[PDB]
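Okay, structure first, notes after.
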Amino acid sequence: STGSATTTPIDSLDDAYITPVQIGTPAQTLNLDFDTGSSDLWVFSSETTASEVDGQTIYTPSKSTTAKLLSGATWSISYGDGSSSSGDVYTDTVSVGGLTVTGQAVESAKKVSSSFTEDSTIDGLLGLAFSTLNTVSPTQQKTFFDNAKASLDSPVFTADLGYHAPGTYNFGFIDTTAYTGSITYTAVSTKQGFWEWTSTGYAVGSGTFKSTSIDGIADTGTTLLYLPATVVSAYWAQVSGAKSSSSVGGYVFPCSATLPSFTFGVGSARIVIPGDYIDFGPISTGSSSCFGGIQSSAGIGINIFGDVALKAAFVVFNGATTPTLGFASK
Ligand SMILES: C[S@@](=O)c1ccc(CN)cc1
């Protein structure tokens with residue numbers, strides 16, 4: 001089997017991407033944030049504290065003839081940005097782009113943090129990291145991809161995120177029309193539960209490529225590119241007036257600037273992030289200070305190849321017995 005679904009930016013800055021997912025019988029379609037950095041499929045629901053729902057579409061398990069309470073199971077997750085959610089668990093039929101999994105754990109939120117309440121466009125998350133990170137207790141549950149994998153034509157999914165435009169998540173096949181050149185594959189460590197790999201270096205604009213190993217994670221659920229402070233300083237030093245602002249929480253730059261590109265290495269291959277992808281717009285409405293799309297990972301404990309990086313590439317998440325990651329230009 002295969003599936004193919006369009007993923008759409010939630011706003012004009014590409015702050016996140018939402019993908020329609022069918023849950024239950026008859027289908028209830030919710031727009032979920034596909035997140036290769038976590039491993040829980042959770043949704044706003046009829047159980048979510050009413051004051052914490054503000055415009056999201058909710059899953060109502062009592063209206064699904066295939067929903068079953070997973071008795072005794074609870075979940076609770078805290079994300080790296082400080083967001084969180086928790087609740088109980090149903091199993092139900094879940095379909096993405098024509099690919100169906102029966103008995104998928106659907107984690108129903110009883111509580112969500114304010115960041116989720118305030119984003120009316122995100123009805124939940126669909127985790128695509130390794131199932132060892134799933135938070136369901138006392139019986140850990142599998143991700144949608146892990147449940148689907150044996151049925152797929154090939155044990156892979158691909159992320160093709162757009163810049164200020166829709167893109168595609170495919171399951172079970174590699175669309176050879178969606179990229180240019182060849183796909184370069186690189187090793188993955190699953191020891192932390194992430195799609196963790198080592199970039200071979202970077203360049204700023206038209207500058208020379210610096211060969212240096214940068215361990216990090218491919219994370220579709222994180223907006224920006226978080227890299228070591230040395231790398232980030234070298235980037236922003238090429239932008240007149242750019243500075244790190246403690247009060248704003250990162251590097252800012254004059255909105256009048258034209259940003260240089262940023263290149264990262266995948267083996268001997270190179271992925272080029274155009275400068276415009278690194279502009280996240282005014283820090284507050286009407287400001288002439290703009291927020292940078294490349295930020296330091298120093299306070300995080302891990303480097304994160306988030307959407308800013310991944311949207312410059314066609315990315316293969318290869319879930320074979322030994323997982324690997326592939327990157328192609330597009
Ligand atoms: C809009 S939001 O509050 C959000 C979405 C995804 C993650 C996982 N990286 C964390 C927070």
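Residue numbers start at 1 and run along the sequence shown. Note that these values count all heavy atoms, side chains included, but never hydrogens, waters or copies made by symmetry.
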Taking the ring centre of each residue, are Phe171 and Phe144 less than 6.0 Å apart? yes
In sequence, state the C-alpha distance, the side-chain angles, and the governing distance for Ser39 and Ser131, and then conclude on side-chain contact (heavy atoms from CB on, under 4.5 Å). CA-CA 6 Å; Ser39 304; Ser131 293; 5.6 Å; no
For the backbone of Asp123 and the side chain of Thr57, can you confirm whether one donor and one acceptor N or O come within less than 3.5 Å of each other? no
Judged by modelled atom types alone, do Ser108 and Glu47 share a side-chain donor-acceptor pair under 3.5 Å? yes
Nearest heavy-atom approach of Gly37 to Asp219 is N-OD1, 3.2 Å
In Å and rounded to the nearest 0.5 Å, what is the CG to OG distance from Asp54 to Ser120? 7.0 Å
Sorted by chain and number, sequence neighbours left out, side-chain contact (heavy atoms from CB on, under 4.5 Å) with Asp15 holds for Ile10, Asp11, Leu13, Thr223, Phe280
Are any of the side-chain heavy atoms of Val106 and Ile23 separated by less than 4.5 Å? yes
Could you tell me whether the side chain of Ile214 reaches within less than 4.5 Å of the side chain of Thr212, counting heavy atoms only? yes
Check for me, please, whether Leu152 and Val156 land in the same ILVMFWY cluster - side-chain distances under 4.5 Å, paths through other members count. no
Would you kindly say whether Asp35 and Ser38 are connected by a side-chain donor-acceptor distance under 3.5 Å? yes
So how far is it from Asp160 CG to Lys330 NZ, rounded to the nearest 0.5 Å? 4.0 Å
side-chain contact (heavy atoms from CB on, under 4.5 Å) partners for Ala218, two or more places apart: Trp195, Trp197, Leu310, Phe317, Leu325
Under 3.5 Å, side chain of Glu196 to main-chain N/O of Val188, donor-acceptor pair present? no
side-chain contact (heavy atoms from CB on, under 4.5 Å) between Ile183 and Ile174: does it pass, once the steps are laid out? CA-CA 10 Å; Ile183 305 176; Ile174 287 163; 3.9 Å; yes
Among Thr93, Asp92, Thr25, side chain to side chain donor-acceptor pair (under 3.5 Å) partner for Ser64: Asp92
Out of curiosity, does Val308 fall in the hydrophobic cluster containing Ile271 (side-chain heavy atoms, cut-off under 4.5 Å, transitive links)? yes
Any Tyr163 side-chain heavy atom under 4.5 Å of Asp276 side chain: yes
Is there a side-chain contact between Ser95 and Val101 (heavy atoms, below 4.5 Å)? no
If you take all heavy atoms of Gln192 and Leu133, which pair is closest and at what distance? O-CD2, 3.6 Å
Pair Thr121-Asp119, side-chain donor/acceptor within less than 3.5 Å: yes
Of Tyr17, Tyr169, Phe145, the one forming a ring-ring contact (aromatic ring centres under 6.0 Å, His included) with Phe34 is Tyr169
Taking all non-hydrogen atoms of both residues into account, name the closest pair between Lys149 and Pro155 and its distance. CG-CB, 3.5 Å
Pairwise distance CZ(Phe157) to OG(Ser154) - rounded to 0.5 angstrom: 12.5 Å
Polar contact flag, side-chain donor to acceptor under 3.5 angstrom, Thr74-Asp88: no
Could you check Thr168 against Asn170 for side chain to side chain donor-acceptor pair (under 3.5 Å), going step by step and ending with a plain yes or no? CA-CA 6 Å; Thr168 305; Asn170 290 330; 5.4 Å; no
Would the distance check show the side chain of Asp14 and the main-chain N or O of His164 forming a donor-acceptor pair, the cut-off being under 3.5 Å? yes
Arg270 charged N/C atom sitting above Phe264 aromatic ring, 6.0 Å / 45°: no
How long is the gap from OG1 on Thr100 to CG on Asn147, to the nearest 0.5 Å? 12.5 Å
side-chain contact (heavy atoms from CB on, under 4.5 Å) against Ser76, all qualifying residues, sequence neighbours excluded: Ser86
Taking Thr36's backbone N and O only, do any of them form a donor-acceptor pair with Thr220's side chain (distance below 3.5 Å, no angle check)? yes
Below 4.5 Å, heavy atoms only, C-beta onward: do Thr135 and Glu107 meet side chain to side chain? yes
Cluster companions of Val272 among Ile, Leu, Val, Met, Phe, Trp, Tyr (side-chain spacing under 4.5 Å): none
Hphob cluster co-occupancy, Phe314 + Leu128, side-chain heavy atoms under 4.5 angstrom: no
Does a donor on one side chain sit under 3.5 Å from an acceptor on the other, for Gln141 and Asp40? no
Looking only at heavy atoms, the pair that brings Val136 and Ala73 closest together is CG1-CB, 3.8 Å
Once you round to the nearest 0.5 Å, how far does CZ of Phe305 lie from CD1 of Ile273? 8.5 Å
For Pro282, is there any backbone N or O sitting under 3.5 Å from a side-chain donor or acceptor partner on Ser287? no
Would a distance-only check, ignoring hydrogens and angles, find a side-chain to backbone donor-acceptor pair under 3.5 Å from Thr143 to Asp146? yes
Does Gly292 offer a backbone N or O that forms a donor-acceptor pair with the side chain of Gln295 under 3.5 Å? yes
I'd like to know if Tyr226 and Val252 are part of one continuous hydrophobic network [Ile/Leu/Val/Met/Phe/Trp/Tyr, side-chain heavy atoms within less than 4.5 Å]. yes
Hydrophobic cluster membership, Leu69 vs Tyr59, 4.5 Å side-chain cutoff: yes
Can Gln238 and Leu259 be said to form a side-chain contact (heavy atoms from CB on, under 4.5 Å), step by step? CA-CA 8 Å; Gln238 298 304 311; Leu259 297 177; over 6 Å; no
Only counting residues at least two apart or in another chain, list the ones meeting side-chain contact (heavy atoms from CB on, under 4.5 Å) with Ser113. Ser83, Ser84, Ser115, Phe116
Donor-acceptor pair between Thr29 and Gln22 side chains, under 3.5 angstrom: yes
Determine the minimum heavy-atom distance between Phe253 and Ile278, stating which atoms define it. CE2-O, 4.4 Å
Looking only at non-hydrogen atoms, find the nearest pair between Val204 and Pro260 and report the distance. CG1-CG, 4.4 Å
Within the distance-only criterion (no hydrogens, no angle test), does the side chain of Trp75 pair as donor or acceptor with the backbone N or O of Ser85 below 3.5 angstrom? no
Can you tell me which residue pairs pass the disulfide (SG to SG under 2.5 Å) test with a partner in residues 228-312, sequence neighbours excluded? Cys255-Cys290
Please check if any side-chain donor atom of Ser62 sits under 3.5 Å from a side-chain acceptor atom of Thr60, or the reverse. no
Checking side-chain polar atoms at under 3.5 Å, does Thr324 have a donor or acceptor matched by the opposite partner on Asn318? yes
Kindly determine whether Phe291 and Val248 satisfy side-chain contact (heavy atoms from CB on, under 4.5 Å), including the steps that lead there. CA-CA 9 Å; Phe291 198 71; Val248 175; 3.9 Å; yes
Non-hydrogen side-chain atoms of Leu41 and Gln104 separated by less than 4.5 Å: yes
Near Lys210 NZ, under 6.0 Å, is it more than 12 heavy atoms from other residues, nucleotides or ligands? no
Rounded distance [0.5 Å steps], CG in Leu30 versus CG in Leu125: 12.0 Å
